[PDB]
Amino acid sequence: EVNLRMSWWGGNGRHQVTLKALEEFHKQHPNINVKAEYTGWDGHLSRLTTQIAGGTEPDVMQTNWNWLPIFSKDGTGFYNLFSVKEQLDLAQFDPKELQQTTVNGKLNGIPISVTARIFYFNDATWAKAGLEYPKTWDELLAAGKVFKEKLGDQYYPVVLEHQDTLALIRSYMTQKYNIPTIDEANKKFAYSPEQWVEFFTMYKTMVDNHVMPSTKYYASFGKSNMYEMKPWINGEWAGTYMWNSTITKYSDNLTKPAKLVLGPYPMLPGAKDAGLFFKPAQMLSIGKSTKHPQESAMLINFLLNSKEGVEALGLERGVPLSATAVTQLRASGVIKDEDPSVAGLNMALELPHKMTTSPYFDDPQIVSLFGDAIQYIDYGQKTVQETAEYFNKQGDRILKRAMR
C-alpha cells in the first residue's frame, strides 16, 4: 500500500504523456499511488535544491547530468540503482552511457536519452530571406545583415538565450584550439586571458552583425519562455541552437505551415573536434532516503523499459537509450529517420566529438554568470576587455566553490 512522489520538468506535451503513463502504471499496480510534481524547466532545479536540502525530495526524480556534482559529489546523493537491479532492467542501457551517470561506482540515474545542441531553422522565414542555411561560422555571422536588410530590423537568423550562446562560442573555441574549456586538475577554466577576449569579442561581433537578439532587445519582450514569445511564434526569430531531445517544445509553437528544420553544423577547416556539448539529456533517479526504493525502481523500469510505459512516453524526452524501448518505437513507426530530432542526433554522432564537456561547464552559477557578463556588454556597462576579465575571475571563483 505504497505512496510515491515523482517530479519532472518539461513542456505540456511531456507532462501529458507522463501523466497517462502514471495512470497505466497505477492500473498495473493498484497498491502503488504516484503523486506527480511537474513544472517547466525554469525554477525546477532551484525547487529541487530546496527539497534535497530539507530531506523532502520525491521518491523518483527526473534529473540533469550536470546536477550530479551538485547533489552527489561522492555518488551517495541519489539511491544507488545497482541496489534495485532486480526491479529495473539495467542491461538495456549501454555500459558507457551508464558510466556517464555513475559516481564513485554508484549508479545515480538511468540515462533516458542523449543529446547535443545543434542548429535548427524556421524554414518559412529562411525561404523569405532567400538564404541557404549557413555551412560555416562566417556564413552564420554574414546571415544577420541579410535578414536585417532583406526582411527588416525585427528579423534575426536565430535567437540565442545566454546558455545557448555559452555553448555555441565554446564549440567555436574547441574547433579552433582543441582544448577542454575547464581544467579539472586545477579547478579552473583552461582559456588564456586572450581567448576570453576572443570569446566575448565573438559574442559582440554576432550581436553587431544582427545574428541574434542582444540581451537588451531580448528583454524588451516579456519574461516568457522563449518558445512562447511572439517573435519566436511568428517566425521573426528564425532558429535555435538546441537540444535535439527537446526540439518539439520549440517547433510545436511555430505558426503553420512553418517547421523547424535541421541546419548544417559549422566546422572550421582544420578542426579536429566540433566542440559539441554532447551529454545524457536527462536521467531518472531515486531519492537517497526513499522509503520505497523497490516501488521507485519498478516505476522507472515501467517508464523506460515496459511496452506500455515506452509506448505512452513516446519521444517526449528524445530517442530512448533503452535497447527494447528504441527498437519498439522504430517498429511502431514513431522513430522516423527524417524527423528533425532523430536526424539531429545522427548528424551530431557523425561529427568528430572526442572532447567531453565537464559537468562544471554547465554549473548553474557559471551559466548565470555568463548571462550577467554579456548583459554588461549589451547595456554598455563593461567593455569586452573588462567583461572577459570579469568572467574569467568570477568564473574561476565559482568553479573553486562548485568543485569543492
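Numbering starts at 1 and follows the sequence shown.
**Q** Determine, for stretches 371-379 and 25-33, which one has the higher mean CA B-factor as deposited.
**A** It is 25-33.
**Q** If you average the Cα B factors in the entry, which is higher, 61-69 or 340-348?
**A** Stretch with the higher mean C-alpha B-factor: 340-348.
**Q** Of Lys279, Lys150, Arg170, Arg330, which one's C-alpha B factor is largest in the deposited record?
**A** Each of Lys279, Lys150, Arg170, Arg330 was compared by C-alpha B-factor; the highest is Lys150.
**Q** Quiz for you: based on the deposited Cα B-factor, which of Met202, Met226, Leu262, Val334 is highest?
**A** Highest CA B-factor of the listed options: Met226.
**Q** Rank-wise, by C-alpha B-factor, drop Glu295 into the lowest, middle or highest third of its chain.
**A** CA B-factor rank for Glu295: lowest third.
**Q** Taking the entry's C-alpha B-factors for this chain, is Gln154 in the lowest, middle or highest third?
**A** CA B-factor rank for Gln154: highest third.
**Q** Going by what the PDB entry lists, where does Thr115 fall on CA B-factor within its chain: lowest, middle or highest third?
**A** It falls in the bottom third of the chain.
**Q** Could you say whether, by C-alpha temperature factor, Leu303 belongs to the lowest, middle or highest third of its chain?
**A** It falls in the bottom third of the chain.
**Q** C-alpha B factor of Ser322, ranked within the chain: lowest, middle or highest third?
**A** Lowest third, going by the recorded CA B-factors of the chain.
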